[PDB]
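> Residue numbers (this note's numbering), protein chains in the order written: chain S, 2 to 115; chain V, 189 to 301.
For reference, the structure I am asking about is given below.
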Amino acid sequence: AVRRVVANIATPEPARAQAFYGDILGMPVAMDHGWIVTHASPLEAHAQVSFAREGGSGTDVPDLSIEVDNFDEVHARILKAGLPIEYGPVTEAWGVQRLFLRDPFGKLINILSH
Amino acid sequence: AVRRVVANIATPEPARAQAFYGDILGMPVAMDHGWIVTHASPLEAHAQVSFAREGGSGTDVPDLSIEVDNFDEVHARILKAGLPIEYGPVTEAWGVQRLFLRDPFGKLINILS
Ligand SMILES: [Zn+2]
């Protein structure tokens with residue numbers, strides 16, 4: 002029985018995650034073993050993994066899809082941090098509002114909300 | 189504010205996930221769309237993502253870390269499926285037993301308990 006699935010992003014300096022996952026996405030550090038750092042949300046979700054031929058609407062497949070509960074807030078934080086947005090925001094036909102942007106490690110992040 | 193973190197694996201054919209995520213890990217299709225297919229478990233944890241200089245014990249950083257309740261059963265399933273194990277099983281210093289293997293898409297998967 003699968004309890005959690007966690008993506009691991011390779012970096013010589015895990016502290017580089019703080020600016021995006023910590024500050025913008027509001028995920029405090031949950032575990033810090035030095036060679037690995039985990040950022041986590043106060044919430045609480047089924048273990049899942051997705052397999053995709055495109056990101057939808059003809060986009061590239063994002064490395065991670067991160068669902069947030071106040072999209073307009075996250076959007077404003079991203080803008081205030083001066084981060085370029087690669088796609089969106091746009092409301093998709095399948096009933097999400099989302100944008101793509103790059104994280105500190107060049108991963109393509111899909112930030113979405115119901 | 190973050191409700192979920194889900195990795196997406198790029199593939200021309202999502203159906204190829206069933207052999208590993210479905211048949212070995214016991215995560216059935218929760219959603220099929222079918223440009224995208226999500227496999228899911230009935231268990232929950234905090235949404236999280238990790239950032240690592242190495243996989244631990246000098247290993248490569250695994251693409252995914254997947255925590256399972258019944259390590260010995262998964263290990264047996266893996267072997268019976270004829271899948272090569274790249275690392276382990278071994279019990280690590282940070283209180284886990286784990287092994288690494290490749291998924292259908294070439295991703296390095298850390299299965300741990
Ligand atoms: Zn990299």
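A virtual CB, placed ideally from N, CA and C, is assigned to each residue, including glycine.
1) Do residue 9/S and residue 251/V have their CB atoms nearer than 8 Å?
2) Does the distance from the C-beta atom of residue 191/V to that of residue 70/S stay below 8 Å?
3) Whole alpha helix (DSSP H) runs in the region 31 to 62 of chain S with 4 or more residues, listed along the chain?
4) On the DSSP letters alone, give me the boundaries of the alpha helix (DSSP H) that residue 78/S sits inside.
5) Report yes or no: do three or more beta-carbon pairs, one from the region 223 to 232 of chain V and one from the region 196 to 215 of chain V, lie closer than 8 Å?
6) Please classify residue 287/V as buried or exposed, where buried requires at least 16 other C-beta atoms within 10 Å of its C-beta.
7) Could you please give the first and the last residue of the uninterrupted beta strand (DSSP E) stretch that includes residue 286/V?
8) Does chain S have any CB closer than 8 Å to the CB of residue 269/V?
9) Taking a contact to mean a Cβ-Cβ separation below 8 Å, would you say residue 300/V touches residue 48/S in this structure?
10) CA-CA distance, residue 253/V and residue 109/S?
11) Helix or strand or just coil, what does DSSP make of residue 207/V?
12) Between residue 259/V and ligand 1, is there a pair consisting of the residue's CB and a ligand heavy atom that are separated by less than 7 Å?
13) I'd like the list of long-range same chain contacts for residue 87/S, defined as Cβ closer than 6 Å, with 5 residues on each side in sequence excluded.
14) What's the gap between the Cα of residue 189/V and the Cα of residue 278/V?
15) Given the structure, does residue 106/S come close to ligand 1, in the sense that its CB is under 7 Å from one of the ligand's heavy atoms?
16) Can you list, in chain order, the residues of the region 61 to 80 of chain S whose Cβ is nearer than 9 Å to any Cβ on chain V?
Quick look at the numbers:
1) Yes, the pair counts as a contact, with Cβ atoms nearer than the cut-off.
2) Note that the C-beta distance between residue 191/V and residue 70/S is below 8 Å.
3) For the region 31 to 62 of chain S, not a single whole alpha helix (DSSP H) run of length 4 or above is found.
4) First-last of the alpha helix (DSSP H) with residue 78/S: 72 to 81.
5) Short answer: they touch.
6) Buried: at least 16 other Cβ atoms inside 10 Å.
7) The continuous beta strand (DSSP E) containing residue 286/V extends over residues 285 to 290.
8) With 8 Å as the cut-off, residue 269/V does not count as an interface residue toward chain S.
9) Cβ atoms of residue 300/V and residue 48/S: not closer than 8 Å.
10) Taking the straight line from one Cα to the other gives about 19 Å.
11) Three-state DSSP puts residue 207/V in a helix.
12) No, the Cβ of residue 259/V stays beyond 7 Å of every heavy atom of ligand 1.
13) Answer for residue 87/S: 101 and 102, listed in chain order.
14) Each residue's alpha carbon lies about 36 Å from the other.
15) Yes, the beta carbon of residue 106/S sits closer than 7 Å to at least one heavy atom of ligand 1.
16) Within the region 61 to 80 of chain S, the residues whose Cβ lies closer than 9 Å to some Cβ of chain V are 61, 62, 63, 64, 65, 66, 67, 68, 69, 70, 71, 74 and 75, listed in chain order.
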